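See below for input-v1.txt, which holds compact mmCIF, N, CA and C atoms.
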```txt
# COMPACT_ATOMS: atom_id res chain seq x y z
N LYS A 1 10.05 -27.28 -3.55
CA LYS A 1 10.08 -28.59 -2.85
C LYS A 1 10.16 -28.35 -1.35
N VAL A 2 9.40 -29.12 -0.57
CA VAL A 2 9.47 -29.02 0.88
C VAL A 2 10.24 -30.27 1.32
N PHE A 3 11.47 -30.09 1.79
CA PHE A 3 12.30 -31.20 2.24
C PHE A 3 11.84 -31.80 3.56
N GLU A 4 12.07 -33.10 3.74
CA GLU A 4 11.78 -33.74 5.01
C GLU A 4 13.12 -33.56 5.73
N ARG A 5 13.06 -33.47 7.06
CA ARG A 5 14.24 -33.22 7.89
C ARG A 5 15.52 -33.98 7.55
N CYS A 6 15.51 -35.29 7.72
CA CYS A 6 16.71 -36.07 7.44
C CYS A 6 17.17 -36.07 5.99
N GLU A 7 16.23 -35.90 5.06
CA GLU A 7 16.58 -35.85 3.65
C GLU A 7 17.47 -34.63 3.42
N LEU A 8 17.04 -33.50 3.96
CA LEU A 8 17.81 -32.27 3.82
C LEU A 8 19.18 -32.40 4.51
N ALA A 9 19.20 -33.00 5.70
CA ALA A 9 20.45 -33.16 6.46
C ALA A 9 21.47 -33.93 5.64
N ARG A 10 21.04 -35.04 5.04
CA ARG A 10 21.95 -35.83 4.22
C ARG A 10 22.41 -35.08 2.97
N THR A 11 21.50 -34.29 2.39
CA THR A 11 21.82 -33.51 1.20
C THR A 11 22.87 -32.45 1.52
N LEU A 12 22.70 -31.76 2.64
CA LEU A 12 23.66 -30.72 3.01
C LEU A 12 25.04 -31.30 3.31
N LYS A 13 25.07 -32.48 3.93
CA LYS A 13 26.35 -33.11 4.22
C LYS A 13 27.07 -33.44 2.93
N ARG A 14 26.33 -33.94 1.94
CA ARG A 14 26.91 -34.30 0.65
C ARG A 14 27.44 -33.07 -0.09
N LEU A 15 26.83 -31.91 0.17
CA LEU A 15 27.26 -30.65 -0.45
C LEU A 15 28.38 -29.94 0.31
N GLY A 16 28.94 -30.62 1.30
CA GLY A 16 30.04 -30.10 2.09
C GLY A 16 29.77 -28.99 3.09
N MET A 17 28.58 -28.97 3.68
CA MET A 17 28.21 -27.91 4.62
C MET A 17 28.61 -28.16 6.07
N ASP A 18 28.84 -29.42 6.40
CA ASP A 18 29.21 -29.77 7.76
C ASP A 18 30.58 -29.20 8.13
N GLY A 19 30.59 -28.24 9.05
CA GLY A 19 31.84 -27.64 9.48
C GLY A 19 32.37 -26.55 8.57
N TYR A 20 31.62 -26.22 7.51
CA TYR A 20 32.03 -25.17 6.58
C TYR A 20 32.21 -23.85 7.35
N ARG A 21 33.44 -23.34 7.36
CA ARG A 21 33.80 -22.11 8.06
C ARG A 21 33.41 -22.20 9.54
N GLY A 22 33.56 -23.39 10.10
CA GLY A 22 33.24 -23.60 11.50
C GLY A 22 31.78 -23.76 11.85
N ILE A 23 30.92 -23.93 10.86
CA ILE A 23 29.49 -24.08 11.14
C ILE A 23 29.04 -25.53 11.02
N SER A 24 28.57 -26.09 12.13
CA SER A 24 28.07 -27.47 12.16
C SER A 24 26.79 -27.67 11.35
N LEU A 25 26.61 -28.88 10.84
CA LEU A 25 25.43 -29.22 10.07
C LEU A 25 24.13 -28.87 10.84
N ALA A 26 24.08 -29.16 12.15
CA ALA A 26 22.90 -28.87 12.96
C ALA A 26 22.50 -27.39 12.96
N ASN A 27 23.49 -26.52 12.82
CA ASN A 27 23.23 -25.09 12.76
C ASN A 27 22.62 -24.71 11.43
N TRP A 28 23.06 -25.38 10.37
CA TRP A 28 22.54 -25.11 9.04
C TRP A 28 21.09 -25.59 8.98
N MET A 29 20.83 -26.73 9.62
CA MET A 29 19.48 -27.30 9.68
C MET A 29 18.51 -26.37 10.46
N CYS A 30 18.97 -25.89 11.61
CA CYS A 30 18.18 -24.97 12.44
C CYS A 30 17.87 -23.70 11.64
N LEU A 31 18.86 -23.20 10.89
CA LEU A 31 18.69 -22.00 10.08
C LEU A 31 17.63 -22.20 8.98
N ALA A 32 17.73 -23.28 8.21
CA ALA A 32 16.76 -23.58 7.14
C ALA A 32 15.35 -23.76 7.70
N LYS A 33 15.27 -24.42 8.85
CA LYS A 33 13.99 -24.68 9.50
C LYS A 33 13.25 -23.39 9.83
N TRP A 34 13.93 -22.49 10.52
CA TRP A 34 13.33 -21.23 10.92
C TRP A 34 13.18 -20.21 9.81
N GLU A 35 14.02 -20.28 8.79
CA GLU A 35 13.93 -19.36 7.66
C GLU A 35 12.79 -19.70 6.69
N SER A 36 12.69 -20.96 6.28
CA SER A 36 11.68 -21.35 5.31
C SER A 36 10.86 -22.59 5.63
N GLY A 37 11.14 -23.27 6.73
CA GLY A 37 10.43 -24.50 6.99
C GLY A 37 10.88 -25.57 5.99
N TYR A 38 12.13 -25.47 5.53
CA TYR A 38 12.72 -26.40 4.56
C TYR A 38 12.01 -26.32 3.19
N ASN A 39 11.51 -25.13 2.84
CA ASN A 39 10.79 -24.91 1.59
C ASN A 39 11.65 -24.11 0.61
N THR A 40 12.00 -24.71 -0.53
CA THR A 40 12.84 -24.06 -1.53
C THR A 40 12.15 -22.93 -2.30
N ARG A 41 10.83 -22.94 -2.38
CA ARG A 41 10.14 -21.88 -3.14
C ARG A 41 9.67 -20.70 -2.29
N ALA A 42 10.05 -20.71 -1.02
CA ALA A 42 9.67 -19.64 -0.10
C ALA A 42 10.22 -18.26 -0.52
N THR A 43 9.34 -17.26 -0.52
CA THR A 43 9.71 -15.89 -0.86
C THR A 43 8.99 -14.97 0.11
N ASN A 44 9.63 -13.87 0.45
CA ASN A 44 9.01 -12.94 1.36
C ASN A 44 9.42 -11.53 1.04
N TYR A 45 8.43 -10.74 0.65
CA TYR A 45 8.64 -9.35 0.30
C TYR A 45 8.71 -8.44 1.52
N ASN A 46 9.74 -7.61 1.59
CA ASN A 46 9.91 -6.66 2.68
C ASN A 46 9.45 -5.31 2.15
N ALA A 47 8.18 -4.99 2.39
CA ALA A 47 7.62 -3.72 1.91
C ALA A 47 8.37 -2.47 2.39
N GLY A 48 8.97 -2.55 3.58
CA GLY A 48 9.71 -1.42 4.13
C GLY A 48 10.94 -0.97 3.35
N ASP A 49 11.62 -1.89 2.67
CA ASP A 49 12.79 -1.50 1.90
C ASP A 49 12.83 -2.00 0.47
N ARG A 50 11.71 -2.56 0.00
CA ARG A 50 11.57 -3.06 -1.37
C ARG A 50 12.50 -4.20 -1.79
N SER A 51 12.94 -5.01 -0.83
CA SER A 51 13.80 -6.15 -1.10
C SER A 51 12.97 -7.41 -0.89
N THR A 52 13.46 -8.55 -1.38
CA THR A 52 12.75 -9.81 -1.23
C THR A 52 13.74 -10.88 -0.79
N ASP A 53 13.27 -11.77 0.09
CA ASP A 53 14.06 -12.90 0.62
C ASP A 53 13.68 -14.13 -0.22
N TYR A 54 14.68 -14.85 -0.73
CA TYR A 54 14.44 -15.99 -1.60
C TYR A 54 14.99 -17.34 -1.18
N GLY A 55 14.16 -18.36 -1.35
CA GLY A 55 14.58 -19.73 -1.10
C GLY A 55 14.67 -20.31 0.30
N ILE A 56 15.28 -21.50 0.34
CA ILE A 56 15.43 -22.25 1.57
C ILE A 56 16.17 -21.51 2.69
N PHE A 57 17.16 -20.68 2.34
CA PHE A 57 17.89 -19.91 3.35
C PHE A 57 17.44 -18.45 3.41
N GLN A 58 16.42 -18.10 2.63
CA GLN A 58 15.89 -16.74 2.60
C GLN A 58 16.95 -15.66 2.42
N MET A 59 17.66 -15.71 1.30
CA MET A 59 18.69 -14.72 1.03
C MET A 59 18.09 -13.46 0.45
N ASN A 60 18.55 -12.32 0.96
CA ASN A 60 18.05 -11.03 0.55
C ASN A 60 18.59 -10.49 -0.79
N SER A 61 17.68 -10.06 -1.65
CA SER A 61 18.02 -9.53 -2.98
C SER A 61 18.87 -8.24 -2.99
N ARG A 62 19.03 -7.60 -1.83
CA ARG A 62 19.83 -6.38 -1.76
C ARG A 62 21.32 -6.68 -1.80
N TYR A 63 21.68 -7.90 -1.40
CA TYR A 63 23.09 -8.29 -1.32
C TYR A 63 23.53 -9.55 -2.04
N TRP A 64 22.69 -10.58 -1.98
CA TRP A 64 23.07 -11.89 -2.51
C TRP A 64 22.70 -12.35 -3.92
N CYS A 65 21.55 -11.91 -4.44
CA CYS A 65 21.14 -12.31 -5.77
C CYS A 65 20.48 -11.14 -6.48
N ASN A 66 20.38 -11.22 -7.80
CA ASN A 66 19.78 -10.16 -8.58
C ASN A 66 18.35 -10.46 -9.04
N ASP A 67 17.42 -9.58 -8.69
CA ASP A 67 16.02 -9.71 -9.13
C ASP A 67 15.59 -8.49 -9.96
N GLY A 68 16.51 -7.54 -10.12
CA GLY A 68 16.25 -6.36 -10.92
C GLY A 68 15.42 -5.23 -10.33
N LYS A 69 14.45 -5.55 -9.49
CA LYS A 69 13.59 -4.52 -8.93
C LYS A 69 14.00 -3.99 -7.56
N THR A 70 15.13 -4.46 -7.03
CA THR A 70 15.58 -4.00 -5.72
C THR A 70 16.53 -2.81 -5.87
N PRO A 71 16.18 -1.65 -5.28
CA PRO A 71 17.01 -0.45 -5.37
C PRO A 71 18.38 -0.64 -4.73
N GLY A 72 19.41 -0.02 -5.32
CA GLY A 72 20.78 -0.06 -4.82
C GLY A 72 21.24 -1.42 -4.34
N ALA A 73 20.95 -2.44 -5.12
CA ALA A 73 21.31 -3.78 -4.74
C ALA A 73 22.60 -4.23 -5.38
N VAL A 74 23.20 -5.23 -4.75
CA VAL A 74 24.40 -5.86 -5.27
C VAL A 74 24.02 -7.33 -5.46
N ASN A 75 24.91 -8.11 -6.06
CA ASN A 75 24.64 -9.52 -6.36
C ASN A 75 25.92 -10.32 -6.05
N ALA A 76 26.24 -10.44 -4.77
CA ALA A 76 27.47 -11.13 -4.37
C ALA A 76 27.56 -12.58 -4.79
N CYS A 77 26.44 -13.28 -4.90
CA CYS A 77 26.51 -14.67 -5.30
C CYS A 77 26.57 -14.85 -6.80
N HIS A 78 26.42 -13.74 -7.53
CA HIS A 78 26.44 -13.73 -8.99
C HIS A 78 25.39 -14.69 -9.53
N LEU A 79 24.18 -14.56 -9.02
CA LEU A 79 23.07 -15.40 -9.43
C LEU A 79 21.81 -14.60 -9.57
N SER A 80 20.91 -15.09 -10.40
CA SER A 80 19.59 -14.50 -10.54
C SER A 80 18.89 -15.05 -9.29
N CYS A 81 17.96 -14.30 -8.71
CA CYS A 81 17.25 -14.79 -7.53
C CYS A 81 16.39 -16.02 -7.86
N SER A 82 16.05 -16.17 -9.14
CA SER A 82 15.28 -17.32 -9.62
C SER A 82 16.04 -18.62 -9.31
N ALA A 83 17.37 -18.56 -9.33
CA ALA A 83 18.21 -19.73 -9.05
C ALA A 83 17.99 -20.23 -7.63
N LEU A 84 17.56 -19.34 -6.75
CA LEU A 84 17.33 -19.69 -5.36
C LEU A 84 15.93 -20.23 -5.11
N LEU A 85 15.20 -20.51 -6.18
CA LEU A 85 13.85 -21.06 -6.05
C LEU A 85 13.74 -22.44 -6.70
N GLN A 86 14.88 -23.03 -7.04
CA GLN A 86 14.91 -24.35 -7.67
C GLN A 86 14.74 -25.45 -6.63
N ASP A 87 14.31 -26.62 -7.07
CA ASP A 87 14.17 -27.76 -6.17
C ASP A 87 15.58 -28.26 -5.83
N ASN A 88 16.49 -28.11 -6.78
CA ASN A 88 17.87 -28.51 -6.57
C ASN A 88 18.54 -27.37 -5.81
N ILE A 89 19.04 -27.66 -4.62
CA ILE A 89 19.65 -26.63 -3.78
C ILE A 89 21.14 -26.33 -3.94
N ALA A 90 21.78 -26.88 -4.97
CA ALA A 90 23.20 -26.66 -5.20
C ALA A 90 23.59 -25.18 -5.24
N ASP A 91 22.86 -24.37 -6.01
CA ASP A 91 23.17 -22.94 -6.09
C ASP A 91 22.94 -22.21 -4.76
N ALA A 92 21.84 -22.52 -4.09
CA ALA A 92 21.52 -21.90 -2.81
C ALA A 92 22.64 -22.21 -1.80
N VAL A 93 23.20 -23.42 -1.87
CA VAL A 93 24.27 -23.83 -0.96
C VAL A 93 25.56 -23.09 -1.29
N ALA A 94 25.86 -22.95 -2.57
CA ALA A 94 27.05 -22.23 -3.00
C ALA A 94 26.94 -20.78 -2.50
N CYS A 95 25.73 -20.22 -2.55
CA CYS A 95 25.52 -18.85 -2.11
C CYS A 95 25.60 -18.72 -0.59
N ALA A 96 25.09 -19.71 0.13
CA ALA A 96 25.16 -19.72 1.59
C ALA A 96 26.62 -19.76 2.03
N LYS A 97 27.44 -20.53 1.32
CA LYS A 97 28.87 -20.62 1.63
C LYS A 97 29.50 -19.24 1.49
N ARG A 98 29.10 -18.53 0.44
CA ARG A 98 29.59 -17.18 0.19
C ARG A 98 29.19 -16.21 1.32
N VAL A 99 27.94 -16.28 1.77
CA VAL A 99 27.47 -15.42 2.85
C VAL A 99 28.33 -15.54 4.11
N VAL A 100 28.64 -16.78 4.51
CA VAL A 100 29.41 -17.00 5.72
C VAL A 100 30.91 -16.76 5.58
N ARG A 101 31.36 -16.48 4.37
CA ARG A 101 32.75 -16.17 4.16
C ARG A 101 33.00 -14.73 4.64
N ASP A 102 31.93 -13.99 4.93
CA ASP A 102 32.03 -12.61 5.46
C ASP A 102 32.27 -12.71 6.97
N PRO A 103 32.74 -11.62 7.61
CA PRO A 103 33.00 -11.65 9.07
C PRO A 103 31.90 -12.08 10.04
N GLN A 104 30.65 -11.72 9.76
CA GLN A 104 29.54 -12.09 10.65
C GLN A 104 29.32 -13.60 10.71
N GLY A 105 29.67 -14.29 9.64
CA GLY A 105 29.47 -15.73 9.60
C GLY A 105 27.99 -16.07 9.60
N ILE A 106 27.62 -17.07 10.39
CA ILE A 106 26.24 -17.52 10.48
C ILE A 106 25.33 -16.44 11.09
N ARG A 107 25.92 -15.53 11.87
CA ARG A 107 25.17 -14.44 12.50
C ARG A 107 24.54 -13.49 11.49
N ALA A 108 24.90 -13.62 10.22
CA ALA A 108 24.35 -12.76 9.18
C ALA A 108 22.82 -12.87 9.14
N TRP A 109 22.29 -14.04 9.50
CA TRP A 109 20.84 -14.25 9.54
C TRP A 109 20.36 -13.98 10.96
N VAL A 110 19.50 -12.97 11.13
CA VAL A 110 18.99 -12.64 12.45
C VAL A 110 18.21 -13.79 13.08
N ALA A 111 17.49 -14.58 12.27
CA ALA A 111 16.73 -15.71 12.80
C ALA A 111 17.64 -16.73 13.50
N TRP A 112 18.88 -16.85 13.04
CA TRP A 112 19.81 -17.79 13.66
C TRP A 112 20.09 -17.35 15.10
N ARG A 113 20.26 -16.04 15.29
CA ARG A 113 20.51 -15.47 16.62
C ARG A 113 19.32 -15.72 17.55
N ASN A 114 18.12 -15.51 17.03
CA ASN A 114 16.90 -15.67 17.82
C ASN A 114 16.54 -17.11 18.15
N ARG A 115 16.67 -18.00 17.17
CA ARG A 115 16.25 -19.40 17.36
C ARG A 115 17.28 -20.49 17.48
N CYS A 116 18.54 -20.21 17.15
CA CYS A 116 19.56 -21.27 17.16
C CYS A 116 20.77 -21.05 18.07
N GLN A 117 21.26 -19.82 18.13
CA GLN A 117 22.43 -19.47 18.94
C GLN A 117 22.27 -19.86 20.41
N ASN A 118 23.32 -20.45 20.98
CA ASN A 118 23.33 -20.88 22.39
C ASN A 118 22.24 -21.89 22.78
N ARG A 119 21.73 -22.62 21.81
CA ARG A 119 20.70 -23.60 22.10
C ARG A 119 21.18 -24.99 21.77
N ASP A 120 20.42 -25.99 22.24
CA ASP A 120 20.72 -27.39 21.96
C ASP A 120 20.09 -27.65 20.59
N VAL A 121 20.91 -27.65 19.54
CA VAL A 121 20.42 -27.87 18.19
C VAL A 121 20.56 -29.31 17.68
N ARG A 122 20.94 -30.23 18.56
CA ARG A 122 21.12 -31.64 18.17
C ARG A 122 19.87 -32.27 17.56
N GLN A 123 18.70 -31.87 18.05
CA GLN A 123 17.44 -32.40 17.56
C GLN A 123 17.27 -32.31 16.04
N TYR A 124 17.85 -31.29 15.43
CA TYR A 124 17.72 -31.11 13.99
C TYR A 124 18.38 -32.20 13.13
N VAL A 125 19.40 -32.86 13.66
CA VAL A 125 20.08 -33.91 12.91
C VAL A 125 19.95 -35.31 13.52
N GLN A 126 19.27 -35.42 14.66
CA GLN A 126 19.17 -36.73 15.30
C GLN A 126 18.46 -37.80 14.51
N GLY A 127 19.13 -38.94 14.40
CA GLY A 127 18.60 -40.08 13.68
C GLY A 127 18.71 -40.04 12.17
N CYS A 128 19.31 -38.98 11.63
CA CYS A 128 19.44 -38.84 10.19
C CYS A 128 20.60 -39.59 9.56
N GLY A 129 21.52 -40.10 10.37
CA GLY A 129 22.66 -40.83 9.83
C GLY A 129 23.74 -39.96 9.22
N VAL A 130 23.89 -38.76 9.76
CA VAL A 130 24.89 -37.81 9.29
C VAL A 130 25.90 -37.51 10.40
```

Written form, structure tokens:
Amino acid sequence: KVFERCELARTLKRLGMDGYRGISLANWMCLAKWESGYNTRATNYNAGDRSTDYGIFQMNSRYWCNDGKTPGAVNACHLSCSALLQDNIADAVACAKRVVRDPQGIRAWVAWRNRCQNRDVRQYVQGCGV
């Protein structure tokens, strides 16, 4: 499913993401935008290390979910990577919460550093009623 901006914003707020571990909703929106374009079925194979990024937040199979074919991988979210390709984003959100419970926080995603950090991210939630 490809979410429309405000639809996703309202969905994330309902799932308790606003302010989760100090991360504002606008930051989560900026992250989803740059990671997948708000697309839940987005996947990207990293030929250099044989891992794959899955879903709306593009979580890596080496650490967050199990896909079986990734060498020396762990599954911190205790989920099959297939769970991160559903139209319903409940599992992906539960896993995102887990990622930020680590010390790096939102910085765990390099795209957040490049496209969201120290920027005016208000545009991502403007007019959405959140």

Residues of chain A in alpha helix (DSSP H) according to DSSP, as a PDB file with N, CA and C atoms, in the frame of the given file?
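Contents of states-v3.pdb, as written:
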```
ATOM      1  N   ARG A   5      13.060 -33.470   7.060  1.00  0.00           N
ATOM      2  CA  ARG A   5      14.240 -33.220   7.890  1.00  0.00           C
ATOM      3  C   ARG A   5      15.520 -33.980   7.550  1.00  0.00           C
ATOM      4  N   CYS A   6      15.510 -35.290   7.720  1.00  0.00           N
ATOM      5  CA  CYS A   6      16.710 -36.070   7.440  1.00  0.00           C
ATOM      6  C   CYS A   6      17.170 -36.070   5.990  1.00  0.00           C
ATOM      7  N   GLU A   7      16.230 -35.900   5.060  1.00  0.00           N
ATOM      8  CA  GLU A   7      16.580 -35.850   3.650  1.00  0.00           C
ATOM      9  C   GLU A   7      17.470 -34.630   3.420  1.00  0.00           C
ATOM     10  N   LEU A   8      17.040 -33.500   3.960  1.00  0.00           N
ATOM     11  CA  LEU A   8      17.810 -32.270   3.820  1.00  0.00           C
ATOM     12  C   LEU A   8      19.180 -32.400   4.510  1.00  0.00           C
ATOM     13  N   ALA A   9      19.200 -33.000   5.700  1.00  0.00           N
ATOM     14  CA  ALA A   9      20.450 -33.160   6.460  1.00  0.00           C
ATOM     15  C   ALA A   9      21.470 -33.930   5.640  1.00  0.00           C
ATOM     16  N   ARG A  10      21.040 -35.040   5.040  1.00  0.00           N
ATOM     17  CA  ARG A  10      21.950 -35.830   4.220  1.00  0.00           C
ATOM     18  C   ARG A  10      22.410 -35.080   2.970  1.00  0.00           C
ATOM     19  N   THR A  11      21.500 -34.290   2.390  1.00  0.00           N
ATOM     20  CA  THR A  11      21.820 -33.510   1.200  1.00  0.00           C
ATOM     21  C   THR A  11      22.870 -32.450   1.520  1.00  0.00           C
ATOM     22  N   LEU A  12      22.700 -31.760   2.640  1.00  0.00           N
ATOM     23  CA  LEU A  12      23.660 -30.720   3.010  1.00  0.00           C
ATOM     24  C   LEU A  12      25.040 -31.300   3.310  1.00  0.00           C
ATOM     25  N   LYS A  13      25.070 -32.480   3.930  1.00  0.00           N
ATOM     26  CA  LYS A  13      26.350 -33.110   4.220  1.00  0.00           C
ATOM     27  C   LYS A  13      27.070 -33.440   2.930  1.00  0.00           C
ATOM     28  N   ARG A  14      26.330 -33.940   1.940  1.00  0.00           N
ATOM     29  CA  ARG A  14      26.910 -34.300   0.650  1.00  0.00           C
ATOM     30  C   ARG A  14      27.440 -33.070  -0.090  1.00  0.00           C
ATOM     31  N   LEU A  25      26.610 -28.880  10.840  1.00  0.00           N
ATOM     32  CA  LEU A  25      25.430 -29.220  10.070  1.00  0.00           C
ATOM     33  C   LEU A  25      24.130 -28.870  10.840  1.00  0.00           C
ATOM     34  N   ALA A  26      24.080 -29.160  12.150  1.00  0.00           N
ATOM     35  CA  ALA A  26      22.900 -28.870  12.960  1.00  0.00           C
ATOM     36  C   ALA A  26      22.500 -27.390  12.960  1.00  0.00           C
ATOM     37  N   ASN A  27      23.490 -26.520  12.820  1.00  0.00           N
ATOM     38  CA  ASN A  27      23.230 -25.090  12.760  1.00  0.00           C
ATOM     39  C   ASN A  27      22.620 -24.710  11.430  1.00  0.00           C
ATOM     40  N   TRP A  28      23.060 -25.380  10.370  1.00  0.00           N
ATOM     41  CA  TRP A  28      22.540 -25.110   9.040  1.00  0.00           C
ATOM     42  C   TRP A  28      21.090 -25.590   8.980  1.00  0.00           C
ATOM     43  N   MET A  29      20.830 -26.730   9.620  1.00  0.00           N
ATOM     44  CA  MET A  29      19.480 -27.300   9.680  1.00  0.00           C
ATOM     45  C   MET A  29      18.510 -26.370  10.460  1.00  0.00           C
ATOM     46  N   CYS A  30      18.970 -25.890  11.610  1.00  0.00           N
ATOM     47  CA  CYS A  30      18.180 -24.970  12.440  1.00  0.00           C
ATOM     48  C   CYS A  30      17.870 -23.700  11.640  1.00  0.00           C
ATOM     49  N   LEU A  31      18.860 -23.200  10.890  1.00  0.00           N
ATOM     50  CA  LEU A  31      18.690 -22.000  10.080  1.00  0.00           C
ATOM     51  C   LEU A  31      17.630 -22.200   8.980  1.00  0.00           C
ATOM     52  N   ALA A  32      17.730 -23.280   8.210  1.00  0.00           N
ATOM     53  CA  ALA A  32      16.760 -23.580   7.140  1.00  0.00           C
ATOM     54  C   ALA A  32      15.350 -23.760   7.700  1.00  0.00           C
ATOM     55  N   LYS A  33      15.270 -24.420   8.850  1.00  0.00           N
ATOM     56  CA  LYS A  33      13.990 -24.680   9.500  1.00  0.00           C
ATOM     57  C   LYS A  33      13.250 -23.390   9.830  1.00  0.00           C
ATOM     58  N   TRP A  34      13.930 -22.490  10.520  1.00  0.00           N
ATOM     59  CA  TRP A  34      13.330 -21.230  10.920  1.00  0.00           C
ATOM     60  C   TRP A  34      13.180 -20.210   9.810  1.00  0.00           C
ATOM     61  N   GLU A  35      14.020 -20.280   8.790  1.00  0.00           N
ATOM     62  CA  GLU A  35      13.930 -19.360   7.660  1.00  0.00           C
ATOM     63  C   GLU A  35      12.790 -19.700   6.690  1.00  0.00           C
ATOM     64  N   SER A  36      12.690 -20.960   6.280  1.00  0.00           N
ATOM     65  CA  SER A  36      11.680 -21.350   5.310  1.00  0.00           C
ATOM     66  C   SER A  36      10.860 -22.590   5.630  1.00  0.00           C
ATOM     67  N   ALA A  90      21.780 -26.880  -4.970  1.00  0.00           N
ATOM     68  CA  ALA A  90      23.200 -26.660  -5.200  1.00  0.00           C
ATOM     69  C   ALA A  90      23.590 -25.180  -5.240  1.00  0.00           C
ATOM     70  N   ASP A  91      22.860 -24.370  -6.010  1.00  0.00           N
ATOM     71  CA  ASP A  91      23.170 -22.940  -6.090  1.00  0.00           C
ATOM     72  C   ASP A  91      22.940 -22.210  -4.760  1.00  0.00           C
ATOM     73  N   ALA A  92      21.840 -22.520  -4.090  1.00  0.00           N
ATOM     74  CA  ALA A  92      21.520 -21.900  -2.810  1.00  0.00           C
ATOM     75  C   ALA A  92      22.640 -22.210  -1.800  1.00  0.00           C
ATOM     76  N   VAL A  93      23.200 -23.420  -1.870  1.00  0.00           N
ATOM     77  CA  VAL A  93      24.270 -23.830  -0.960  1.00  0.00           C
ATOM     78  C   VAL A  93      25.560 -23.090  -1.290  1.00  0.00           C
ATOM     79  N   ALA A  94      25.860 -22.950  -2.570  1.00  0.00           N
ATOM     80  CA  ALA A  94      27.050 -22.230  -3.000  1.00  0.00           C
ATOM     81  C   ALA A  94      26.940 -20.780  -2.500  1.00  0.00           C
ATOM     82  N   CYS A  95      25.730 -20.220  -2.550  1.00  0.00           N
ATOM     83  CA  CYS A  95      25.520 -18.850  -2.110  1.00  0.00           C
ATOM     84  C   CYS A  95      25.600 -18.720  -0.590  1.00  0.00           C
ATOM     85  N   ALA A  96      25.090 -19.710   0.130  1.00  0.00           N
ATOM     86  CA  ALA A  96      25.160 -19.720   1.590  1.00  0.00           C
ATOM     87  C   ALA A  96      26.620 -19.760   2.030  1.00  0.00           C
ATOM     88  N   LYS A  97      27.440 -20.530   1.320  1.00  0.00           N
ATOM     89  CA  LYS A  97      28.870 -20.620   1.630  1.00  0.00           C
ATOM     90  C   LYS A  97      29.500 -19.240   1.490  1.00  0.00           C
ATOM     91  N   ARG A  98      29.100 -18.530   0.440  1.00  0.00           N
ATOM     92  CA  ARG A  98      29.590 -17.180   0.190  1.00  0.00           C
ATOM     93  C   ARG A  98      29.190 -16.210   1.320  1.00  0.00           C
ATOM     94  N   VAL A  99      27.940 -16.280   1.770  1.00  0.00           N
ATOM     95  CA  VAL A  99      27.470 -15.420   2.850  1.00  0.00           C
ATOM     96  C   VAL A  99      28.330 -15.540   4.110  1.00  0.00           C
ATOM     97  N   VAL A 100      28.640 -16.780   4.510  1.00  0.00           N
ATOM     98  CA  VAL A 100      29.410 -17.000   5.720  1.00  0.00           C
ATOM     99  C   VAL A 100      30.910 -16.760   5.580  1.00  0.00           C
ATOM    100  N   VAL A 110      19.500 -12.970  11.130  1.00  0.00           N
ATOM    101  CA  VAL A 110      18.990 -12.640  12.450  1.00  0.00           C
ATOM    102  C   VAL A 110      18.210 -13.790  13.080  1.00  0.00           C
ATOM    103  N   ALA A 111      17.490 -14.580  12.270  1.00  0.00           N
ATOM    104  CA  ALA A 111      16.730 -15.710  12.800  1.00  0.00           C
ATOM    105  C   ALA A 111      17.640 -16.730  13.500  1.00  0.00           C
ATOM    106  N   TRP A 112      18.880 -16.850  13.040  1.00  0.00           N
ATOM    107  CA  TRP A 112      19.810 -17.790  13.660  1.00  0.00           C
ATOM    108  C   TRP A 112      20.090 -17.350  15.100  1.00  0.00           C
ATOM    109  N   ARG A 113      20.260 -16.040  15.290  1.00  0.00           N
ATOM    110  CA  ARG A 113      20.510 -15.470  16.620  1.00  0.00           C
ATOM    111  C   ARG A 113      19.320 -15.720  17.550  1.00  0.00           C
ATOM    112  N   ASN A 114      18.120 -15.510  17.030  1.00  0.00           N
ATOM    113  CA  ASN A 114      16.900 -15.670  17.820  1.00  0.00           C
ATOM    114  C   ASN A 114      16.540 -17.110  18.150  1.00  0.00           C
ATOM    115  N   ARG A 115      16.670 -18.000  17.170  1.00  0.00           N
ATOM    116  CA  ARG A 115      16.250 -19.400  17.360  1.00  0.00           C
ATOM    117  C   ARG A 115      17.280 -20.490  17.480  1.00  0.00           C
TER     118      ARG A 115
END
```

Between A:30, A:25, A:96, A:85, smallest distance to residue A:54 by all atoms listed in the file belongs to A:85

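The gap separating atom N of residue A:127 from atom C of residue A:98 is 28.1 Å, in Å to one decimal.
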
For atom CA of residue A:55 and atom CA of residue A:107, determine how far apart the two atoms are, in Å to one decimal place.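 These atoms are spaced 18.0 Å apart.
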
If you measure from atom CA of residue A:111 to atom CA of residue A:129, what distance in Å do you get, rounded to one decimal?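 Separation between atom CA of residue A:111 and atom CA of residue A:129: 26.0 Å.
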
Using only C-alpha atoms, which of the listed residues (A:46, A:58, A:11, A:88) sits closest to residue A:32?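 Using only C-alpha atoms, residue A:32 sits closest to A:58.
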
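Among the candidates A:81, A:69, A:23, A:92, the residue lying nearest to residue A:57 is A:92 (atoms considered: all atoms listed in the file).
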
Name the residues in contact with residue A:1 at a cut-off of 10 Å, using only C-alpha atoms, excluding same-chain residues fewer than 3 positions from it; report them as an MDAnalysis selection string. chainID A and resid 4 38:42 56 85:89

Which residues come within 6 Å of residue A:75, counting only N, CA and C atoms, excluding same-chain residues fewer than 2 positions away, as a PyMOL selection string? chain A and resi 62-66+73+77-79
